[PDB]
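A short write-up of the structure that comes next.
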Amino acid sequence: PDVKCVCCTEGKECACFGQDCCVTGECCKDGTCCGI
Ligand SMILES: [Cd+2]
Ligand SMILES: [Cd+2]
Ligand SMILES: [Cd+2]
Ligand SMILES: [Cd+2]
């Protein structure tokens, strides 16, 4: 309950879950998230 990656901050399916890119949200500040 304290992140920028709505992906995890929401409870959706993440592929980079439990990471730092989730905090910084760098995986949610370019175009989209997830995409193995
Ligand atoms: Cd995430
Ligand atoms: Cd994701
Ligand atoms: Cd991430
Ligand atoms: Cd993300």
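Here's how to read the names in the structure tokens: chain A, B, ... by the order shown, residue numbers from 1 in each chain, ligand numbers from 1 in the order shown.
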
Report task. Step by step, measure atom-to-atom distances between ligand 3 and each residue using only C-alpha atoms and all ligand atoms, keep those at most 10 Å, then write them as a PyMOL selection string. Result -> chain A and resi 4-8+14-28+33-34

Query raised in the report: Per DSSP on the backbone, what are the helix (DSSP H, G or I) residues of chain A, as a list in words?
Result: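 Taking chain A and keeping helix (DSSP H, G or I) gives residues 6, 7, 8, 9, 10, 21, 22, 23 and 24 of chain A.
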
Output C-alpha atoms of each residue in that selection to a file, as a CSV table (one decimal), in the first residue's frame.
```
chain,number,residue,atom,x,y,z
A,6,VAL,CA,-0.4,0.6,-9.9
A,7,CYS,CA,0.3,-2.9,-11.4
A,8,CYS,CA,1.2,-4.1,-7.9
A,9,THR,CA,-0.4,-1.2,-6.2
A,10,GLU,CA,-3.6,-2.6,-7.6
A,21,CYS,CA,11.2,-0.9,-11.0
A,22,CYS,CA,7.8,-1.3,-9.4
A,23,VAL,CA,8.6,1.3,-6.7
A,24,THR,CA,10.2,3.9,-9.0
```
